[PDB]
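Undergrad: Pasting a structure here, questions to come.
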Amino acid sequence: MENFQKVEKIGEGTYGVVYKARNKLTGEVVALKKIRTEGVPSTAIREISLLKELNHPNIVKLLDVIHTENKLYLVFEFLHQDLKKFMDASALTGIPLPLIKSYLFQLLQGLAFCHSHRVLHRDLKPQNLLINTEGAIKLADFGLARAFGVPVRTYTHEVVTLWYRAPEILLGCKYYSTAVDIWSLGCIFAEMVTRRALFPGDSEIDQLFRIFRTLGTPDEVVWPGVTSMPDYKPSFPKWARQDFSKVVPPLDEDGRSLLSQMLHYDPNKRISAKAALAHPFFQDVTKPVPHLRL
Ligand SMILES: Nc1nc(Nc2cccc(F)c2)sc1C(=O)c1ccccc1
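Residue numbers (the working numbering): 8 to 301.
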């Protein structure tokens, strides 16, 4: 905009580009997301204006939503680094378990809050989980298709990552439930632990089949109603479930039991954020500070 000095380009969000910007007046540094276009939705700007009130310590504060000149801007509090970068930076040594646990715990608190307020994230991934020097981690870039919608792309040819997508979405479910966020977070939890993406699919079917190869092809026994889902084909290959200890070694049994509950096929059996917070894995949770190189 005119009231900002784009310092650098933070990246390519989910509907537009994101910049680190400095408010020419308050001097405050913010993250500015630009969005696309022959009018702009009205229902969107409202479901967006609802996010401004969604303030929580584990949710990136949305400062302002400015709609002008066919473009839509979202002004967010600026965080130092994203989890994707931090994980890559910690690839040789691995993120210490107490920090992995603290991050998982805080993200579940943030989700418990969003979900208790009927807001779903829908597109959780390391790139939109932001961390600071103080040990906090926050949910960002809520993709609420309940806002501008869930288009085919951001705004200009950019590959959408499917690695964290819940199976019910891949199977064509029309209505998402809060369970889709627990699934994505379970995938992120495993990735922090193992230092490798859990289900790195390169297409919707490959994503689906990678999940099936690891957790077993789902059926009516473990997931009632699955065979009646929109994109379910009786012709799907039938893989047996893999021993779970093979999935996230060397995570301890408390972590593995919580992960298995976050990855249940049936969205109704999948653990809620609220219950997850009570899991024994968090009995000794603490809040370590990360070693951040900014
Ligand atoms: N608040 C915020 N801070 C950010 N800080 C930051 C991110 C990457 C490198 C860096 F050096 C600083 S990004 C960000 C976002 O709200 C966001 C928007 C769209 C897509 C992903 C994230």
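Ideal Cβ placement from N, Cα and C applies to all residues, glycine included.
First and last residue of the beta strand (DSSP E) that includes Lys281?
TA: As a first step, residue 281 is located in the sequence shown; it is residue number 274 there, counting from the start. Careful: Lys281 lies outside any beta strand (DSSP E), inside the alpha helix (DSSP H) at 280-285.
Undergrad: Which residues bound the beta strand (DSSP E) around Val200?
TA: To locate residue 200, count along the sequence shown from 1; it is residue 193. In the DSSP assignment, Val200 falls outside any beta strand (DSSP E) and within the unbroken alpha helix (DSSP H) covering 186-201.
Undergrad: Anyone know if the C-beta pair for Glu84 and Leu61 falls short of 8 Å?
TA: Numbered from 1 along the sequence shown, position 77 holds the residue referred to as residue 84. Numbered from 1 along the sequence shown, position 54 holds the residue referred to as residue 61. No, they are not a contact pair.
Undergrad: Count the C-beta pairs between the region 42-51 and the region 180-195 that are closer than 8 Å, then say yes if the count reaches three, no if not.
TA: At 8 Å Cβ cutoff, the stretches do not touch.
Undergrad: Taking just the CA atoms, how far does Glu165 sit from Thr44?
TA: On the sequence shown, residue 44 is found 37 positions in, with the first residue counted as 1. On the sequence shown, residue 165 is found 158 positions in, with the first residue counted as 1. Roughly 18 Å separates the two Cα atoms.
Undergrad: Hey, is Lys41 close to ligand 1, as in C-beta under 7 Å from one of its heavy atoms?
TA: In the sequence shown, counting from the first residue as 1, residue 41 sits at position 34. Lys41: no, Cβ never under 7 Å from ligand 1.
Undergrad: Ligand 1 and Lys92: does any heavy atom of the ligand fall closer than 7 Å to the residue's C-beta?
TA: Here residue 92 refers to the residue found at position 85 when the sequence shown is read from its first residue. Yes, Cβ of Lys92 sits closer than 7 Å to a heavy atom of ligand 1.
Undergrad: Nearest to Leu299 by alpha carbon, out of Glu35, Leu137, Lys41, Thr21?
TA: Stepping through the sequence shown from its first residue, residue 299 is reached at position 292. Minimum Cα distance to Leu299 is reached at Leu137.
Undergrad: Given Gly262, which residues of its chain have a CB within under 6 Å of its CB, disregarding the five upstream and five downstream residues?
TA: What you label residue 262 is simply residue 255 of the sequence shown in a count that begins at 1. Contacts found: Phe288.
Undergrad: Name the DSSP bridge partner or partners of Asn65?
TA: Residue numbering aside, residue 65 sits at position 58 when the sequence shown is read from its first letter. In the DSSP output, where bridge partners are listed per residue, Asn65 has none listed.
Undergrad: Closest by CA to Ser242, which one among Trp230, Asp250, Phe251, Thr224?
TA: Locating residue 242 in the sequence shown gives position 235, where the first residue counts as 1. It is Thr224.
Undergrad: Throw me the rounded Cβ distance for the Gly101 and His63 pair, which I believe falls under 8 Å.
TA: To locate residue 101, count along the sequence shown from 1; it is residue 94. To locate residue 63, count along the sequence shown from 1; it is residue 56. Not a contact, Cβ separation roughly 28 Å.
Undergrad: Select from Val25, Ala154, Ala186, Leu81 the residue whose C-alpha is nearest the C-alpha of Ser123.
TA: In the sequence shown, counting from the first residue as 1, residue 123 sits at position 116. The candidate whose alpha carbon is nearest that of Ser123 is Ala186.
Undergrad: Cutting at 7 Å between CB atoms, please list the residues of its own chain near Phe11, excluding the five before and the five after it.
TA: Counted from its first residue, the sequence shown places residue 11 at position 4. Contacts found: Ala28, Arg29, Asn30, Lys31, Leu39.
Undergrad: Using DSSP with H/G/I as helix, E/B as strand and the rest coil, what is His74?
TA: Your numbering for residue 74 matches position 67 in the sequence shown. Strand.
Undergrad: Could you spell out where the alpha helix (DSSP H) holding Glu175 opens and where it closes?
TA: What you label residue 175 is simply residue 168 of the sequence shown in a count that begins at 1. 174-177 is the span of the alpha helix (DSSP H), which, as asked, contains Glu175.
Undergrad: Kindly indicate the opening and closing residues of the beta strand (DSSP E) around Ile17.
TA: The residue given as residue 17 occupies position 10 in the sequence shown. 15-19 is the span of the beta strand (DSSP E), which, as asked, contains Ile17.
Undergrad: Relative to the alpha-carbon of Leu178, which residue among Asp209, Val82, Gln214 has its alpha-carbon at the smallest distance?
TA: Reading the sequence shown from its first residue, position 171 is the one you call residue 178. The option with the nearest alpha carbon to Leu178 is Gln214.
Undergrad: Under a Cβ-count criterion, where at least 16 other Cβ atoms within 10 Å of its own Cβ denotes burial, should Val292 be classed as buried or exposed?
TA: If you number the sequence shown from 1, residue 292 lands on position 285. Counting Cβ neighbours within 10 Å, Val292 comes out exposed, since fewer than 16 surround it.
Undergrad: So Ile218 is in the alpha helix (DSSP H); what residue range does that whole segment cover?
TA: Position 211 of the sequence shown, counting from 1, holds the residue named residue 218. Unbroken alpha helix (DSSP H) run through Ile218: 211-222.
Undergrad: What I want to know is whether the C-beta of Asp148 ends up closer than 7 Å to one or more non-hydrogen atoms of ligand 1.
TA: By one-based count along the sequence shown, residue 148 stands at place 141. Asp148 Cβ: within cutoff of ligand 1.
Undergrad: May I have the straight-line CA-CA distance separating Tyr80 from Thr163, to the nearest angstrom?
TA: To locate residue 80, count along the sequence shown from 1; it is residue 73. To locate residue 163, count along the sequence shown from 1; it is residue 156. When rounded, the distance between both Cα atoms is 16 Å.
Undergrad: Confirm, please, whether the CB-CB distance from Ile42 to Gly23 is below 8 Å.
TA: To locate residue 23, count along the sequence shown from 1; it is residue 16. To locate residue 42, count along the sequence shown from 1; it is residue 35. Their beta carbons are under 8 Å apart, which means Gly23 touches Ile42 by this criterion.
Undergrad: At a cut-off of 7 Å, would you count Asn30 as near ligand 1, judging by its Cβ distance to the nearest heavy atom?
TA: The sequence position of residue 30 within the sequence shown is 23, counting from 1. Checking the Cβ of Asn30 against ligand 1 gives no.
Undergrad: For the putative contact between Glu54 and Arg153, defined by C-beta atoms under 8 Å, what is the C-beta separation to the nearest angstrom?
TA: As a working mapping, residue 54 is identified with position 47 in the sequence shown. As a working mapping, residue 153 is identified with position 146 in the sequence shown. Contact between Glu54 and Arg153 is confirmed by a C-beta separation of about 5 Å, below the 8 Å threshold.
Undergrad: Between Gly20, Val126, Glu141, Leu111, which has its C-alpha nearest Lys59's C-alpha?
TA: For the purposes of this step, residue 59 is taken as the residue at position 52 of the sequence shown. It is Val126.
Undergrad: Can you list, in chain order, the residues of its chain with a C-beta nearer than 6 Å to that of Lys13? Leave out the 5 residues immediately preceding and following it.
TA: Taking the first residue of the sequence shown as position 1, residue 13 is located at position 6. So the qualifying residues of the chain are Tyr26, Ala28.
Undergrad: Should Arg277 go down as buried or exposed, given a rule of 16 or more other Cβ atoms within 10 Å for buried?
TA: The count along the sequence shown starts at 1 and reaches residue 277 at position 270. Buried.
Undergrad: Mind checking whether the beta-carbon of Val67 lies closer than 7 Å to any heavy atom of ligand 1?
TA: If you number the sequence shown from 1, residue 67 lands on position 60. Checking the Cβ of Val67 against ligand 1 gives yes.
Undergrad: Between the C-alpha atoms of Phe112 and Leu265, what's the straight-line distance to the nearest angstrom?
TA: Locating residue 112 in the sequence shown gives position 105, counting from the first residue. Locating residue 265 in the sequence shown gives position 258, counting from the first residue. C-alpha separation (whole angstroms): 12 Å.
Undergrad: To the nearest angstrom, how far is the alpha carbon of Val167 from that of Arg160?
TA: As a working note, residue 167 is residue 160 in the sequence shown. As a working note, residue 160 is residue 153 in the sequence shown. Rounded to the nearest angstrom, the two C-alpha atoms are 7 Å apart.
Undergrad: I need the DSSP call for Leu106, collapsed to helix, strand or coil.
TA: Taking the first residue of the sequence shown as position 1, residue 106 is located at position 99. Residue state, collapsed to three classes: helix.
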